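A.B. asks: Have a peek at run11.pdb (PDB, C-alpha atoms and all ligand atoms).
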ATOM      1  CA  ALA A   1      20.503  10.955 109.119
ATOM      2  CA  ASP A   2      21.326  12.230 105.530
ATOM      3  CA  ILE A   3      25.001  11.440 104.621
ATOM      4  CA  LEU A   4      25.653  14.931 103.111
ATOM      5  CA  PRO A   5      24.022  18.168 104.372
ATOM      6  CA  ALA A   6      22.641  20.732 101.852
ATOM      7  CA  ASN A   7      25.449  23.142 100.680
ATOM      8  CA  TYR A   8      28.088  20.475 101.601
ATOM      9  CA  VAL A   9      30.858  20.709  98.891
ATOM     10  CA  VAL A  10      32.531  17.520  97.492
ATOM     11  CA  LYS A  11      36.176  17.738  96.228
ATOM     12  CA  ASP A  12      35.856  21.577  96.205
ATOM     13  CA  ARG A  13      33.613  21.186  93.108
ATOM     14  CA  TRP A  14      30.158  19.605  93.626
ATOM     15  CA  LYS A  15      27.855  21.552  95.924
ATOM     16  CA  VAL A  16      24.884  19.628  97.345
ATOM     17  CA  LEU A  17      21.558  21.337  96.509
ATOM     18  CA  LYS A  18      19.162  18.617  97.870
ATOM     19  CA  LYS A  19      18.563  14.846  98.286
ATOM     20  CA  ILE A  20      16.408  13.637  95.299
ATOM     21  CA  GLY A  21      16.405   9.910  96.297
ATOM     22  CA  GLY A  22      17.485   7.307  98.842
ATOM     23  CA  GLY A  23      17.200   3.635  99.928
ATOM     24  CA  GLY A  24      18.979   1.095 102.120
ATOM     25  CA  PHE A  25      22.098   1.063  99.839
ATOM     26  CA  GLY A  26      22.997   4.808  99.568
ATOM     27  CA  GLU A  27      21.652   8.251  98.622
ATOM     28  CA  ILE A  28      21.399  10.409  95.505
ATOM     29  CA  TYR A  29      21.727  14.238  95.486
ATOM     30  CA  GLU A  30      21.260  17.024  92.967
ATOM     31  CA  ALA A  31      24.480  19.103  93.098
ATOM     32  CA  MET A  32      25.875  22.139  91.321
ATOM     33  CA  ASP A  33      29.097  21.632  89.414
ATOM     34  CA  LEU A  34      31.016  24.739  90.567
ATOM     35  CA  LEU A  35      33.369  24.423  87.504
ATOM     36  CA  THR A  36      31.033  23.706  84.499
ATOM     37  CA  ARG A  37      28.043  25.439  86.247
ATOM     38  CA  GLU A  38      25.490  22.707  85.335
ATOM     39  CA  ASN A  39      23.582  20.675  87.959
ATOM     40  CA  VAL A  40      24.545  16.985  88.327
ATOM     41  CA  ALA A  41      23.535  13.720  90.029
ATOM     42  CA  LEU A  42      25.713  12.799  93.047
ATOM     43  CA  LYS A  43      25.387   9.222  94.452
ATOM     44  CA  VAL A  44      27.035   8.630  97.838
ATOM     45  CA  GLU A  45      27.475   5.612 100.144
ATOM     46  CA  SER A  46      28.913   5.485 103.702
ATOM     47  CA  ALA A  47      32.635   4.406 103.900
ATOM     48  CA  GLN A  48      31.320   1.998 106.689
ATOM     49  CA  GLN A  49      27.922   0.680 105.356
ATOM     50  CA  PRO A  50      28.599  -3.077 104.945
ATOM     51  CA  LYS A  51      27.416  -3.545 101.242
ATOM     52  CA  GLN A  52      29.636  -1.408  98.844
ATOM     53  CA  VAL A  53      27.566  -0.872  95.623
ATOM     54  CA  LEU A  54      29.205   2.227  94.071
ATOM     55  CA  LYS A  55      32.275   0.171  93.052
ATOM     56  CA  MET A  56      29.719  -1.851  90.982
ATOM     57  CA  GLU A  57      27.836   1.234  89.711
ATOM     58  CA  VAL A  58      31.069   3.056  88.666
ATOM     59  CA  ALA A  59      32.608  -0.019  86.890
ATOM     60  CA  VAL A  60      29.338  -0.526  84.868
ATOM     61  CA  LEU A  61      28.856   3.246  84.182
ATOM     62  CA  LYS A  62      32.454   3.520  82.795
ATOM     63  CA  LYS A  63      32.035   0.373  80.636
ATOM     64  CA  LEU A  64      28.848   1.906  79.113
ATOM     65  CA  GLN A  65      30.304   5.394  78.249
ATOM     66  CA  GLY A  66      29.700   6.059  74.514
ATOM     67  CA  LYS A  67      26.371   4.121  74.576
ATOM     68  CA  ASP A  68      23.059   5.909  74.130
ATOM     69  CA  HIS A  69      20.661   5.834  77.144
ATOM     70  CA  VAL A  70      23.317   6.122  79.892
ATOM     71  CA  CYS A  71      24.422   9.128  81.964
ATOM     72  CA  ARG A  72      27.738  10.813  81.144
ATOM     73  CA  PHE A  73      30.311   9.892  83.843
ATOM     74  CA  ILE A  74      31.693  13.060  85.554
ATOM     75  CA  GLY A  75      33.717  11.787  88.567
ATOM     76  CA  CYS A  76      34.117   9.357  91.510
ATOM     77  CA  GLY A  77      36.059   9.395  94.770
ATOM     78  CA  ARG A  78      36.607   7.826  98.173
ATOM     79  CA  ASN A  79      37.479   9.211 101.658
ATOM     80  CA  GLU A  80      37.041   8.381 105.387
ATOM     81  CA  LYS A  81      33.235   9.220 105.521
ATOM     82  CA  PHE A  82      31.757   8.210 102.055
ATOM     83  CA  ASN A  83      32.375   7.106  98.440
ATOM     84  CA  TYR A  84      30.703   9.068  95.594
ATOM     85  CA  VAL A  85      29.991   9.059  91.857
ATOM     86  CA  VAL A  86      29.049  12.193  89.891
ATOM     87  CA  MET A  87      27.085  11.720  86.676
ATOM     88  CA  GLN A  88      24.767  13.589  84.298
ATOM     89  CA  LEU A  89      21.436  14.689  85.899
ATOM     90  CA  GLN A  90      18.271  13.439  84.038
ATOM     91  CA  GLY A  91      14.605  14.553  84.232
ATOM     92  CA  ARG A  92      11.338  12.828  85.320
ATOM     93  CA  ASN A  93      11.431   9.034  85.922
ATOM     94  CA  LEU A  94       8.925   6.815  84.008
ATOM     95  CA  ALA A  95       7.105   5.788  87.294
ATOM     96  CA  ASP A  96       6.272   9.490  88.016
ATOM     97  CA  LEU A  97       5.376  10.113  84.304
ATOM     98  CA  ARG A  98       3.038   7.040  84.339
ATOM     99  CA  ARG A  99       1.377   7.960  87.678
ATOM    100  CA  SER A 100       0.801  11.518  86.287
ATOM    101  CA  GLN A 101      -1.277  10.148  83.293
ATOM    102  CA  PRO A 102      -5.068  10.447  83.675
ATOM    103  CA  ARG A 103      -5.696   6.652  83.550
ATOM    104  CA  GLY A 104      -2.210   5.723  84.818
ATOM    105  CA  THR A 105      -1.669   4.486  81.211
ATOM    106  CA  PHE A 106       0.599   5.581  78.367
ATOM    107  CA  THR A 107      -0.738   5.524  74.767
ATOM    108  CA  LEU A 108       0.717   2.686  72.663
ATOM    109  CA  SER A 109       2.790   5.357  70.800
ATOM    110  CA  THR A 110       4.583   6.372  74.061
ATOM    111  CA  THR A 111       4.694   2.722  75.284
ATOM    112  CA  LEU A 112       6.269   1.243  72.126
ATOM    113  CA  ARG A 113       8.859   4.031  71.722
ATOM    114  CA  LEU A 114       9.975   3.700  75.376
ATOM    115  CA  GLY A 115      10.213  -0.091  74.770
ATOM    116  CA  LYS A 116      12.672   0.465  71.889
ATOM    117  CA  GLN A 117      14.957   2.718  74.032
ATOM    118  CA  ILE A 118      14.808   0.520  77.168
ATOM    119  CA  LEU A 119      15.518  -2.624  75.042
ATOM    120  CA  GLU A 120      18.629  -0.862  73.549
ATOM    121  CA  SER A 121      19.836  -0.006  77.095
ATOM    122  CA  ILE A 122      19.280  -3.666  78.174
ATOM    123  CA  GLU A 123      21.201  -5.032  75.144
ATOM    124  CA  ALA A 124      23.933  -2.415  75.920
ATOM    125  CA  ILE A 125      24.497  -3.554  79.576
ATOM    126  CA  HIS A 126      24.360  -7.267  78.530
ATOM    127  CA  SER A 127      26.916  -6.490  75.751
ATOM    128  CA  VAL A 128      29.501  -5.372  78.413
ATOM    129  CA  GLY A 129      28.941  -8.555  80.478
ATOM    130  CA  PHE A 130      26.426  -7.373  83.162
ATOM    131  CA  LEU A 131      22.811  -8.169  84.074
ATOM    132  CA  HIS A 132      20.784  -5.203  85.421
ATOM    133  CA  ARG A 133      18.483  -7.404  87.611
ATOM    134  CA  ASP A 134      16.298  -4.429  88.692
ATOM    135  CA  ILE A 135      14.511  -3.318  85.502
ATOM    136  CA  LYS A 136      11.588  -1.088  86.669
ATOM    137  CA  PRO A 137      10.089   2.277  85.624
ATOM    138  CA  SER A 138      11.757   4.303  88.449
ATOM    139  CA  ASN A 139      15.194   3.161  87.036
ATOM    140  CA  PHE A 140      14.596   5.183  83.823
ATOM    141  CA  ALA A 141      14.084   8.884  83.141
ATOM    142  CA  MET A 142      13.779  11.249  80.138
ATOM    143  CA  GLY A 143      16.510  13.885  79.473
ATOM    144  CA  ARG A 144      16.258  17.538  80.639
ATOM    145  CA  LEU A 145      18.076  19.270  77.668
ATOM    146  CA  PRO A 146      16.901  20.397  74.177
ATOM    147  CA  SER A 147      19.289  17.619  72.957
ATOM    148  CA  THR A 148      17.866  14.824  75.238
ATOM    149  CA  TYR A 149      14.281  15.585  76.355
ATOM    150  CA  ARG A 150      13.014  12.730  74.041
ATOM    151  CA  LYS A 151      15.740  10.246  75.128
ATOM    152  CA  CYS A 152      15.241   7.649  77.874
ATOM    153  CA  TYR A 153      18.188   6.870  80.259
ATOM    154  CA  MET A 154      18.977   3.814  82.400
ATOM    155  CA  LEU A 155      19.799   5.546  85.742
ATOM    156  CA  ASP A 156      21.234   2.968  88.192
ATOM    157  CA  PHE A 157      23.361  -0.273  88.179
ATOM    158  CA  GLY A 158      23.432  -0.930  91.953
ATOM    159  CA  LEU A 159      21.967  -4.504  91.715
ATOM    160  CA  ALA A 160      23.932  -5.428  88.543
ATOM    161  CA  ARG A 161      26.089  -8.608  88.403
ATOM    162  CA  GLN A 162      28.741  -9.737  85.910
ATOM    163  CA  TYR A 163      27.445 -12.920  84.073
ATOM    164  CA  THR A 164      30.748 -13.502  82.130
ATOM    165  CA  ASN A 165      34.451 -14.012  82.893
ATOM    166  CA  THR A 166      37.147 -11.885  81.133
ATOM    167  CA  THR A 167      36.816 -14.146  77.990
ATOM    168  CA  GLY A 168      33.025 -13.800  77.332
ATOM    169  CA  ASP A 169      32.178 -17.273  78.771
ATOM    170  CA  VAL A 170      29.028 -17.387  80.896
ATOM    171  CA  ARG A 171      29.861 -17.845  84.577
ATOM    172  CA  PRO A 172      28.424 -20.935  86.258
ATOM    173  CA  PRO A 173      24.995 -20.162  87.825
ATOM    174  CA  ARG A 174      24.715 -20.606  91.644
ATOM    175  CA  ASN A 175      22.241 -23.383  92.642
ATOM    176  CA  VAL A 176      20.395 -20.697  94.714
ATOM    177  CA  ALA A 177      20.497 -16.878  94.381
ATOM    178  CA  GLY A 178      18.312 -14.808  96.709
ATOM    179  CA  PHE A 179      16.413 -12.439  94.443
ATOM    180  CA  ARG A 180      16.959  -8.802  95.489
ATOM    181  CA  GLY A 181      14.999  -6.651  92.948
ATOM    182  CA  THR A 182      11.471  -5.178  92.918
ATOM    183  CA  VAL A 183       8.632  -7.701  93.345
ATOM    184  CA  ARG A 184       6.252  -6.268  90.678
ATOM    185  CA  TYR A 185       8.561  -6.822  87.600
ATOM    186  CA  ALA A 186      10.575  -9.901  88.759
ATOM    187  CA  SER A 187      10.560 -13.012  86.485
ATOM    188  CA  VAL A 188       9.277 -16.383  87.773
ATOM    189  CA  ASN A 189      12.977 -17.447  87.771
ATOM    190  CA  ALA A 190      13.885 -14.658  90.213
ATOM    191  CA  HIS A 191      10.853 -15.492  92.423
ATOM    192  CA  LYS A 192      12.235 -19.065  92.569
ATOM    193  CA  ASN A 193      15.627 -17.726  93.795
ATOM    194  CA  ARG A 194      17.400 -19.106  90.655
ATOM    195  CA  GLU A 195      20.458 -17.410  89.145
ATOM    196  CA  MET A 196      19.072 -14.638  86.917
ATOM    197  CA  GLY A 197      20.031 -14.461  83.208
ATOM    198  CA  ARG A 198      19.724 -11.938  80.395
ATOM    199  CA  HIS A 199      16.180 -13.243  79.758
ATOM    200  CA  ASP A 200      15.106 -12.154  83.319
ATOM    201  CA  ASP A 201      15.849  -8.486  82.407
ATOM    202  CA  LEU A 202      13.646  -9.016  79.328
ATOM    203  CA  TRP A 203      10.825 -10.513  81.487
ATOM    204  CA  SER A 204      10.992  -7.318  83.592
ATOM    205  CA  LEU A 205      10.743  -5.224  80.339
ATOM    206  CA  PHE A 206       7.740  -7.335  79.186
ATOM    207  CA  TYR A 207       5.861  -6.733  82.516
ATOM    208  CA  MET A 208       6.718  -2.993  82.497
ATOM    209  CA  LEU A 209       5.357  -2.449  78.895
ATOM    210  CA  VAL A 210       2.122  -4.333  79.762
ATOM    211  CA  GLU A 211       1.685  -2.132  82.875
ATOM    212  CA  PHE A 212       2.428   0.984  80.703
ATOM    213  CA  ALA A 213      -0.208   0.201  78.030
ATOM    214  CA  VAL A 214      -2.854  -1.404  80.303
ATOM    215  CA  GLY A 215      -2.232   0.693  83.493
ATOM    216  CA  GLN A 216      -1.901  -2.162  86.022
ATOM    217  CA  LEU A 217      -0.617  -5.782  86.398
ATOM    218  CA  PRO A 218      -2.895  -8.475  87.927
ATOM    219  CA  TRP A 219      -0.641  -8.672  91.134
ATOM    220  CA  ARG A 220      -0.454  -4.782  91.595
ATOM    221  CA  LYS A 221      -1.969  -4.749  95.151
ATOM    222  CA  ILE A 222       0.161  -7.665  96.549
ATOM    223  CA  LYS A 223       3.425  -6.678  98.329
ATOM    224  CA  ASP A 224       4.232 -10.211  99.685
ATOM    225  CA  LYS A 225       7.019 -11.649  97.470
ATOM    226  CA  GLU A 226       6.038 -15.375  97.713
ATOM    227  CA  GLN A 227       2.339 -14.535  96.934
ATOM    228  CA  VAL A 228       3.310 -12.487  93.832
ATOM    229  CA  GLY A 229       5.540 -15.401  92.627
ATOM    230  CA  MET A 230       2.717 -17.954  92.996
ATOM    231  CA  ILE A 231       0.274 -15.669  91.105
ATOM    232  CA  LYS A 232       2.846 -15.192  88.258
ATOM    233  CA  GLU A 233       3.711 -18.925  87.953
ATOM    234  CA  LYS A 234      -0.013 -19.808  87.381
ATOM    235  CA  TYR A 235      -1.118 -16.743  85.362
ATOM    236  CA  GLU A 236      -1.860 -17.301  81.635
ATOM    237  CA  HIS A 237       0.418 -14.551  80.206
ATOM    238  CA  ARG A 238      -1.569 -14.443  76.883
ATOM    239  CA  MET A 239      -4.347 -12.793  79.077
ATOM    240  CA  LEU A 240      -1.785  -9.959  79.613
ATOM    241  CA  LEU A 241      -1.691  -9.549  75.778
ATOM    242  CA  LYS A 242      -5.548  -9.483  75.382
ATOM    243  CA  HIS A 243      -5.406  -5.667  74.761
ATOM    244  CA  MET A 244      -1.735  -5.364  73.400
ATOM    245  CA  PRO A 245      -0.437  -5.686  69.760
ATOM    246  CA  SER A 246      -0.486  -9.410  68.739
ATOM    247  CA  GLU A 247       3.247  -9.148  67.651
ATOM    248  CA  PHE A 248       3.850  -9.229  71.489
ATOM    249  CA  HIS A 249       2.991 -12.998  71.407
ATOM    250  CA  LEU A 250       6.396 -13.357  69.651
ATOM    251  CA  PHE A 251       8.106 -11.350  72.489
ATOM    252  CA  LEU A 252       6.468 -13.611  75.141
ATOM    253  CA  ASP A 253       7.125 -16.888  73.256
ATOM    254  CA  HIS A 254      10.783 -15.954  72.702
ATOM    255  CA  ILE A 255      11.642 -15.023  76.320
ATOM    256  CA  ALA A 256       9.655 -18.076  77.691
ATOM    257  CA  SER A 257      11.977 -20.300  75.564
ATOM    258  CA  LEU A 258      15.288 -18.790  76.936
ATOM    259  CA  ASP A 259      17.413 -20.183  79.799
ATOM    260  CA  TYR A 260      20.319 -18.690  81.901
ATOM    261  CA  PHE A 261      22.920 -19.752  79.237
ATOM    262  CA  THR A 262      21.111 -18.649  76.030
ATOM    263  CA  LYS A 263      21.774 -15.260  74.367
ATOM    264  CA  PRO A 264      18.420 -13.525  73.699
ATOM    265  CA  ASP A 265      17.333 -12.441  70.158
ATOM    266  CA  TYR A 266      17.109  -8.662  70.819
ATOM    267  CA  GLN A 267      16.421  -7.890  67.109
ATOM    268  CA  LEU A 268      13.344 -10.228  67.292
ATOM    269  CA  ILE A 269      12.065  -8.097  70.207
ATOM    270  CA  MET A 270      13.056  -4.749  68.517
ATOM    271  CA  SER A 271      11.005  -6.016  65.494
ATOM    272  CA  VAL A 272       7.927  -6.577  67.702
ATOM    273  CA  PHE A 273       7.944  -2.873  68.749
ATOM    274  CA  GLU A 274       8.758  -1.453  65.249
ATOM    275  CA  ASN A 275       6.226  -3.681  63.420
ATOM    276  CA  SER A 276       3.663  -2.696  66.116
ATOM    277  CA  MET A 277       4.305   1.036  65.372
ATOM    278  CA  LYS A 278       4.280   0.286  61.573
ATOM    279  CA  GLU A 279       0.863  -1.523  61.492
ATOM    280  CA  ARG A 280      -0.506   1.582  63.368
ATOM    281  CA  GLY A 281       1.315   4.529  61.673
ATOM    282  CA  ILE A 282       2.900   5.529  65.018
ATOM    283  CA  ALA A 283       5.781   7.858  64.015
ATOM    284  CA  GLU A 284       9.273   7.849  65.620
ATOM    285  CA  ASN A 285       8.892  11.683  65.958
ATOM    286  CA  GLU A 286       5.409  11.769  67.667
ATOM    287  CA  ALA A 287       4.924  13.724  70.971
ATOM    288  CA  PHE A 288       5.277  11.660  74.214
ATOM    289  CA  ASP A 289       2.028  11.600  76.322
ATOM    290  CA  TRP A 290       3.557  14.155  78.788
ATOM    291  CA  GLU A 291       4.331  16.905  76.127
ATOM    292  CA  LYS A 292       1.956  18.820  73.707
TER     293      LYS A 292
HETATM  294  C1  LIG A 301      12.316   9.913  92.916
HETATM  295  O1  LIG A 301      12.938   8.730  92.412
HETATM  296  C2  LIG A 301      14.113   8.866  91.719
HETATM  297  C3  LIG A 301      14.396   7.947  90.719
HETATM  298  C4  LIG A 301      15.611   7.999  90.062
HETATM  299  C5  LIG A 301      16.558   8.965  90.406
HETATM  300  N1  LIG A 301      17.821   8.995  89.775
HETATM  301  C6  LIG A 301      18.347   9.957  88.954
HETATM  302  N2  LIG A 301      17.598  11.037  88.660
HETATM  303  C7  LIG A 301      18.140  11.941  87.823
HETATM  304  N3  LIG A 301      19.335  11.917  87.219
HETATM  305  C8  LIG A 301      20.059  10.826  87.530
HETATM  306  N4  LIG A 301      21.265  10.489  86.996
HETATM  307  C9  LIG A 301      21.621   9.250  87.492
HETATM  308  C10 LIG A 301      20.673   8.800  88.353
HETATM  309  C11 LIG A 301      19.661   9.799  88.404
HETATM  310  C12 LIG A 301      16.254   9.893  91.395
HETATM  311  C13 LIG A 301      15.033   9.850  92.042
END
Before anything else, please render the file you have as structure tokens.
Ligand SMILES: COc1ccc(Nc2ncnc3[nH]ccc23)cc1
C.D. replies:
Amino acid sequence: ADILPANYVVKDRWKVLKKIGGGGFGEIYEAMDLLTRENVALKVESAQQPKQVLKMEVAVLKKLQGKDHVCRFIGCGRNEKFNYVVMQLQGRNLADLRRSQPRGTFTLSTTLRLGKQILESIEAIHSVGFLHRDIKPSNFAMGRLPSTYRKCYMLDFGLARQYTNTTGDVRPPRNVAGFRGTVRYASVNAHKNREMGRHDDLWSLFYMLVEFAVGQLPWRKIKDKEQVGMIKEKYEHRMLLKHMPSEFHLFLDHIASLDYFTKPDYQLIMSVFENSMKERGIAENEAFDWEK
């Protein structure tokens, strides 16, 4: 049922080595670039499959070229059987790296430094007029080169949505928008099927960094979407910060104050991370938990 067989060659250039991921919206392959001789990421979707995401992914990936924390764009194409995008291959995703930790926790050093990079990548996609809407650990990975192994990349844009027109004006929100992302990291606004805003990506970041440093979220073992939403709407989020740096109260307070229309203060949130490293002599050049 795989779209491309192993050893299949795309545009006489990209040779499929293996499927490395998959899900109801298309597949991702590791391929060899027969010209440049490096391995690459190859995302494919059926020409027929009713929801066409790669048109989204490619448009966002091209807009973001020249930013840190995004994959170099290599190529894209259509034909009778599938569409495809070729981009830079990255290393281990943050969900695998977290799971691999003894306590399923990152140190605060690793946590805070990932927060700075992920926040940059969130400000970057917002700056070109798109919401991510699916901020989660498996949507980031570390590099796999001497030049990148300490850099964190935003991998996928398949749920993204333009929140501007051509002019930089915020589009009108729909009265109802069926939330589509991952349950664990979704904001209360998404659970309520409200139009998501820039702040909803920052809610997802907030939940991810808590889960990083503390190893779990209170709703971890609930898979039912409505249940998770009802738990989150009640839950005293200062309890999440019990065992986090207190500067995170500023992060929480700020994003809780935002609405769909309001531009977040990203420098406020960048400050929270940097100050938190400062008060603790965490260095920008320290080993990540998974090295040594
Ligand atoms: C096992 O779960 C996975 C999560 C993420 C990805 N994605 C990518 N992996 C590497 N390099 C990549 N460039 C662009 C996307 C991409 C693959 C598998």
A.B. asks: At a cut-off of 10 Å and counting all atoms listed in the file, what residues surround ligand LIG 301 (chain A)? Please answer as number ranges by chain.
C.D. replies: A: 19-22, 27-30, 39-43, 61, 70-73, 85-96, 137-144, 153-157
A.B. asks: Here is a test: counting all atoms listed in the file, which residue of A:58, A:131, A:205, A:17 is nearest to residue 38 of chain A?
C.D. replies: A:17
A.B. asks: Just checking: using all atoms listed in the file, which residue out of A:117, A:83, A:101, A:187 ends up closest to residue 229 of chain A?
C.D. replies: A:187
A.B. asks: For residue 270 of chain A, work out the shell of residues within 8 Å, counting all atoms listed in the file and skipping chain neighbours fewer than 4 positions away, then give it as a list in words.
C.D. replies: residues 116, 119, 266 and 274 of chain A
A.B. asks: Fewer than 2 positions away in the same chain doesn't count, so skip those; otherwise give me all residues within 12 Å of residue 129 of chain A, counting all atoms listed in the file, as a VMD selection string.
C.D. replies: chain A and resid 59 to 60 63 to 64 122 to 127 131 to 132 160 to 171 197 to 198 263
A.B. asks: Out of A:224, A:200, A:265, A:289, which residue has the shortest atom-to-atom distance to residue 99 of chain A when counting all atoms listed in the file?
C.D. replies: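 So, comparing all the options, the nearest one is A:289.
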A.B. asks: Expand the PyMOL selection byres (((chain A and resi 110) around 9) and not hetatm) into the explicit residue set it covers here, and present it as a PyMOL selection string.
C.D. replies: chain A and resi 106-109+111-115+212-213+286-289
A.B. asks: Selected residues, C-alpha atoms, written as a CSV table (one decimal), in the coordinates of the input, please.
C.D. replies:
chain,number,residue,atom,x,y,z
A,106,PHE,CA,0.6,5.6,78.4
A,107,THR,CA,-0.7,5.5,74.8
A,108,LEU,CA,0.7,2.7,72.7
A,109,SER,CA,2.8,5.4,70.8
A,111,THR,CA,4.7,2.7,75.3
A,112,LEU,CA,6.3,1.2,72.1
A,113,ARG,CA,8.9,4.0,71.7
A,114,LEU,CA,10.0,3.7,75.4
A,115,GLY,CA,10.2,-0.1,74.8
A,212,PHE,CA,2.4,1.0,80.7
A,213,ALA,CA,-0.2,0.2,78.0
A,286,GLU,CA,5.4,11.8,67.7
A,287,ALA,CA,4.9,13.7,71.0
A,288,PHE,CA,5.3,11.7,74.2
A,289,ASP,CA,2.0,11.6,76.3
A.B. asks: Which of these residues is nearest to residue 44 of chain A, using only C-alpha atoms: A:210, A:97, A:239, A:76?
C.D. replies: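 Checking each candidate against residue 44 of chain A, we get A:76 as the closest.
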A.B. asks: Rank A:79, A:100, A:216, A:275 by their smallest atom-to-atom distance to residue 10 of chain A, using all atoms listed in the file, and report the top residue only.
C.D. replies: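 Of A:79, A:100, A:216, A:275, the one nearest residue 10 of chain A, counting all atoms listed in the file, is A:79.
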A.B. asks: Here's the selection I'm unsure about, the PyMOL selection byres (((chain A and resi 189-195) around 8) and not hetatm); applied to the file above, which residues does it give, as number ranges by chain?
C.D. replies: A: 173-179, 186-188, 196-197, 200, 225-226, 229, 260
A.B. asks: With all atoms listed in the file as the counted atoms, please give the residues lying no more than 10 Å from residue 207 of chain A, apart from itself and same-chain residues fewer than 6 positions off, as an NGL selection string.
C.D. replies: :A and (135-136 or 184-187 or 216-217 or 237 or 240)
A.B. asks: What does the distance from atom CA of residue 201 of chain A to atom CA of residue 133 of chain A come to in Å, to one decimal?
C.D. replies: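 Interatomic distance here is 5.9 Å.
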A.B. asks: Atom CA of residue 65 of chain A and atom CA of residue 120 of chain A are how many Å apart?
C.D. replies: 14.1 Å
A.B. asks: Using all atoms listed in the file, determine which residues lie at most 9 Å from residue 254 of chain A, disregarding the query and same-chain residues fewer than 4 positions distant; provide the list as a PyMOL selection string.
C.D. replies: chain A and resi 249-250+258+264-265+268-269
A.B. asks: Please list as a VMD selection string every residue within 8 Å of residue 46 of chain A, counting only C-alpha atoms and excluding residues in the same chain fewer than 6 positions away.
C.D. replies: chain A and resid 3 26 81 to 83
A.B. asks: Using the partial input, fill out segment 102-114 of chain A with N, CA and C atoms; write the result as a JSON list (two decimals), keeping the file's coordinate frame.
C.D. replies:
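Wrote it out as part.json, contents follow:
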[["chain", "number", "residue", "atom", "x", "y", "z"],
["A", 102, "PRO", "N", -3.71, 10.52, 83.18],
["A", 102, "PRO", "CA", -5.07, 10.45, 83.68],
["A", 102, "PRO", "C", -5.43, 9.01, 84.09],
["A", 103, "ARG", "N", -5.15, 8.00, 83.26],
["A", 103, "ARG", "CA", -5.70, 6.65, 83.55],
["A", 103, "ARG", "C", -4.58, 5.80, 84.12],
["A", 104, "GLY", "N", -3.45, 6.42, 84.48],
["A", 104, "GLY", "CA", -2.21, 5.72, 84.82],
["A", 104, "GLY", "C", -1.73, 4.88, 83.65],
["A", 105, "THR", "N", -2.07, 5.25, 82.42],
["A", 105, "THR", "CA", -1.67, 4.49, 81.21],
["A", 105, "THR", "C", -0.96, 5.42, 80.27],
["A", 106, "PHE", "N", 0.04, 4.93, 79.57],
["A", 106, "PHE", "CA", 0.60, 5.58, 78.37],
["A", 106, "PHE", "C", -0.19, 5.08, 77.15],
["A", 107, "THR", "N", -0.37, 5.92, 76.15],
["A", 107, "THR", "CA", -0.74, 5.52, 74.77],
["A", 107, "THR", "C", 0.26, 4.48, 74.31],
["A", 108, "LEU", "N", -0.11, 3.74, 73.28],
["A", 108, "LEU", "CA", 0.72, 2.69, 72.66],
["A", 108, "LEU", "C", 1.90, 3.34, 71.96],
["A", 109, "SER", "N", 1.71, 4.55, 71.42],
["A", 109, "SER", "CA", 2.79, 5.36, 70.80],
["A", 109, "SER", "C", 3.92, 5.59, 71.82],
["A", 110, "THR", "N", 3.60, 6.16, 72.96],
["A", 110, "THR", "CA", 4.58, 6.37, 74.06],
["A", 110, "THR", "C", 5.15, 5.01, 74.50],
["A", 111, "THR", "N", 4.28, 4.03, 74.72],
["A", 111, "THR", "CA", 4.69, 2.72, 75.28],
["A", 111, "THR", "C", 5.73, 2.10, 74.35],
["A", 112, "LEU", "N", 5.45, 2.04, 73.06],
["A", 112, "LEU", "CA", 6.27, 1.24, 72.13],
["A", 112, "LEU", "C", 7.62, 1.92, 71.96],
["A", 113, "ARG", "N", 7.64, 3.24, 71.95],
["A", 113, "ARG", "CA", 8.86, 4.03, 71.72],
["A", 113, "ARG", "C", 9.75, 3.99, 72.96],
["A", 114, "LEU", "N", 9.18, 3.96, 74.15],
["A", 114, "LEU", "CA", 9.98, 3.70, 75.38],
["A", 114, "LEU", "C", 10.55, 2.28, 75.34]]
